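*Asks:* Got a structure for you, questions after.
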Amino acid sequence: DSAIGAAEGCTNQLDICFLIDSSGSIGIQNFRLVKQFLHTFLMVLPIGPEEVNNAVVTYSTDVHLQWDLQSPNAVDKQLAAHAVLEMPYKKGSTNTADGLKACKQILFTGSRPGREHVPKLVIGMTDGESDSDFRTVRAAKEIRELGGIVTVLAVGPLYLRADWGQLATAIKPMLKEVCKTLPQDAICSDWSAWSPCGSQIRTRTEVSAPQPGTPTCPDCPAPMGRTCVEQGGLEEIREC
Ligand SMILES: *[C@H]1O[C@H](CO)[C@@H](O)[C@H](O)[C@@H]1O
């Protein structure tokens with residue numbers, strides 16, 4: 001019952017900064033298909049408060065933040081999916097640099113109070129322009145060496161090519177290619193039966209170690225997922 005999380009081979013706890021190009025080089029016609037692309041995209045992702053959080057930033061000449069991680073859209077699937085359909089279009093140049101600078105801020109400095117250290121991910125979307133900007137911009141460099149991940153989709157390995165018509169076809173292998181880079185959290189055993197009274201304590205045990213994912217850049221840290229003590233602890237306590 002998953003696609004990019006849980007048992008498949010990668011963690012549910014994950015933050016995403018969607019960086020969408022809104023320059024004049026895409027046109028407004030194709031931009032509508034982009035919103036349709038993101039709509040069905042968020043439908044797939046297990047977006048929850050303790051699962052996947054999302055953040056969307058559009059950019060053209062300047063940077064236009066839609067909502068960060070502390071936004072109610074970040075934790076609700078139906079809200080975010082509805083919100084992406086209502087995003088405006090602003091012509092102009094192509095400022096990917098400050099766009100990645102914006103995503104870096106939301107992910108590493110703008111996380112929800114519980115999970116700052118969870119695997120960060122940038123899912124960018126560009127056209128025929130700025131093919132190298134997702135490798136050139138210093139922000140892209142700084143994200144990867146913090147345990148962050150950058151994904152690129154050019155229209156017209158983490159680099160994916162697609163056409164305007166077959167946009168939705170790119171979703172399936174993208175989440176597949178991402179799950180390789182992602183780590184896997186520790187496999188915890190099922191909970192034990194509740195103790196009598198006084199208070200009531202239930203316990204579980206860690207089965208296998210957290211499998212760290214594949215590092216993004218040469219000689220730079222990789223996300224390593226969370227142990228069972230980081231998933232809620234081996235023991236939970238209730239009163240009676
Ligand atoms: C123990 O805790 C709950 C049971 O209510 C579930 O999240 C799961 O079954 C786990 O093993």
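Each chain in the structure tokens gets a letter, A, B, ..., in the order shown, and its residues are numbered from 1; ligands are numbered from 1 in order too.
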Residue 96 (chain A): which residues within 10 Å, counting only C-alpha atoms, same-chain residues fewer than 2 positions away excluded, as a short mmCIF file (atom, residue, chain, number, x, y, z; two decimals) with N, CA, C and O atoms, in the first residue's frame?

*Replies:*
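Result saved to selection-v8.cif:
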```cif
data_model
loop_
_atom_site.label_atom_id
_atom_site.label_comp_id
_atom_site.auth_asym_id
_atom_site.auth_seq_id
_atom_site.Cartn_x
_atom_site.Cartn_y
_atom_site.Cartn_z
N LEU A 19 10.08 22.93 -6.66
CA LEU A 19 10.58 24.15 -7.27
C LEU A 19 10.16 24.17 -8.74
O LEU A 19 10.71 23.45 -9.57
N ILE A 20 9.17 25.01 -9.05
CA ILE A 20 8.57 25.01 -10.38
C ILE A 20 8.89 26.28 -11.15
O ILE A 20 8.64 27.39 -10.67
N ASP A 21 9.45 26.11 -12.34
CA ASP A 21 9.78 27.23 -13.20
C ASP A 21 8.52 27.83 -13.80
O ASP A 21 7.67 27.12 -14.33
N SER A 23 8.77 30.75 -15.83
CA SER A 23 9.27 31.72 -16.81
C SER A 23 8.40 31.76 -18.06
O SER A 23 7.52 30.93 -18.24
N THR A 58 7.29 28.58 -6.54
CA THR A 58 7.36 28.89 -7.95
C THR A 58 8.35 30.03 -8.16
O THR A 58 8.65 30.77 -7.23
N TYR A 59 8.87 30.15 -9.37
CA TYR A 59 9.85 31.19 -9.65
C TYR A 59 9.89 31.58 -11.12
O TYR A 59 9.63 30.76 -12.01
N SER A 60 10.20 32.85 -11.36
CA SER A 60 10.39 33.38 -12.70
C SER A 60 11.53 34.37 -12.69
O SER A 60 12.70 33.99 -12.70
N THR A 61 11.19 35.66 -12.67
CA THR A 61 12.18 36.71 -12.49
C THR A 61 12.58 36.78 -11.02
O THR A 61 13.75 37.01 -10.69
N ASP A 62 11.61 36.57 -10.15
CA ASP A 62 11.84 36.57 -8.71
C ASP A 62 11.38 35.26 -8.09
O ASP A 62 11.04 34.31 -8.80
N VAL A 63 11.39 35.20 -6.76
CA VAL A 63 10.99 33.99 -6.05
C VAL A 63 9.59 34.17 -5.49
O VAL A 63 9.28 35.19 -4.87
N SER A 93 12.04 36.44 -16.57
CA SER A 93 13.27 35.68 -16.71
C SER A 93 13.19 34.34 -15.98
O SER A 93 12.11 33.89 -15.60
N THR A 94 14.34 33.70 -15.80
CA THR A 94 14.40 32.41 -15.12
C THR A 94 15.40 32.43 -13.97
O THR A 94 16.60 32.24 -14.17
N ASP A 98 18.07 31.69 -6.94
CA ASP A 98 17.40 32.10 -5.71
C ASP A 98 16.25 31.16 -5.40
O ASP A 98 15.76 31.12 -4.27
N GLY A 99 15.82 30.40 -6.40
CA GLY A 99 14.78 29.40 -6.21
C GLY A 99 15.30 28.25 -5.37
O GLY A 99 14.62 27.77 -4.47
N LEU A 100 16.52 27.81 -5.68
CA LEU A 100 17.17 26.76 -4.91
C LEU A 100 17.59 27.30 -3.55
O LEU A 100 17.63 26.57 -2.56
N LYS A 101 17.92 28.59 -3.51
CA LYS A 101 18.25 29.27 -2.27
C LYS A 101 17.03 29.30 -1.36
O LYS A 101 17.14 29.22 -0.14
N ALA A 102 15.85 29.43 -1.98
CA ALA A 102 14.59 29.45 -1.26
C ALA A 102 14.23 28.07 -0.72
O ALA A 102 13.81 27.93 0.43
N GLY A 124 12.64 19.72 -8.63
CA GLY A 124 12.57 20.85 -9.52
C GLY A 124 11.97 20.50 -10.87
O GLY A 124 11.94 19.33 -11.25
N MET A 125 11.50 21.51 -11.58
CA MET A 125 10.92 21.33 -12.90
C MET A 125 11.30 22.48 -13.81
O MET A 125 10.86 23.61 -13.62
N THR A 126 12.14 22.19 -14.80
CA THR A 126 12.61 23.21 -15.73
C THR A 126 12.25 22.84 -17.16
O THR A 126 11.71 21.76 -17.43
N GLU A 129 15.69 25.61 -20.69
CA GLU A 129 16.65 26.52 -20.06
C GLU A 129 17.09 26.01 -18.69
O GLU A 129 16.35 25.30 -18.01
N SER A 130 18.31 26.38 -18.30
CA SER A 130 18.86 26.05 -16.99
C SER A 130 18.97 24.55 -16.76
O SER A 130 18.54 24.04 -15.72
N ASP A 133 21.91 24.57 -14.25
CA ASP A 133 21.69 25.35 -13.03
C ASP A 133 21.39 24.47 -11.82
O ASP A 133 21.60 24.89 -10.68
N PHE A 134 20.91 23.26 -12.07
CA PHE A 134 20.67 22.32 -10.99
C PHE A 134 21.94 21.57 -10.62
O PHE A 134 21.92 20.60 -9.87
N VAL A 137 24.37 26.16 -9.49
CA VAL A 137 24.03 27.00 -8.34
C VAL A 137 24.61 26.45 -7.04
O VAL A 137 24.45 25.27 -6.73
N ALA A 139 23.72 26.80 -4.12
CA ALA A 139 22.68 26.30 -3.23
C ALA A 139 22.48 24.80 -3.42
O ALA A 139 22.32 24.06 -2.45
#
```

*Asks:* Report as a ChimeraX atom specification: the residues of region 13-163 of chain A with a DSSP assignment of alpha helix (DSSP H), based on the backbone of this structure.

*Replies:* /A:27-44,77-84,97-108,133-136,138-144

*Asks:* Could you list, as JSON, numbers by chain, every residue within 8 Å of region 196-213 of chain A, counting only C-alpha atoms and ignoring same-chain residues fewer than 3 positions away?

*Replies:* {"A": [180, 181, 182, 183, 184, 185, 186, 187, 188, 189, 190, 191, 192, 193, 222, 223, 224, 225, 226, 227, 228, 234, 235, 236, 237, 238, 239, 240]}

*Asks:* Of the candidates A:25, A:113, A:145, A:194, which one gets nearest to ligand 1 if we count only C-alpha atoms and all ligand atoms?

*Replies:* A:194

*Asks:* At a cut-off of 10 Å, using only C-alpha atoms, what residues contact residue 80 (chain A)? Leave out same-chain residues fewer than 2 positions from it and give the result as a list in words.

*Replies:*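 Contacts, with the query itself left out: residues 38, 39, 42, 43, 47, 54, 55, 56, 67, 71, 72, 73, 74, 75, 76, 77, 78, 82, 83, 84 and 85 of chain A.
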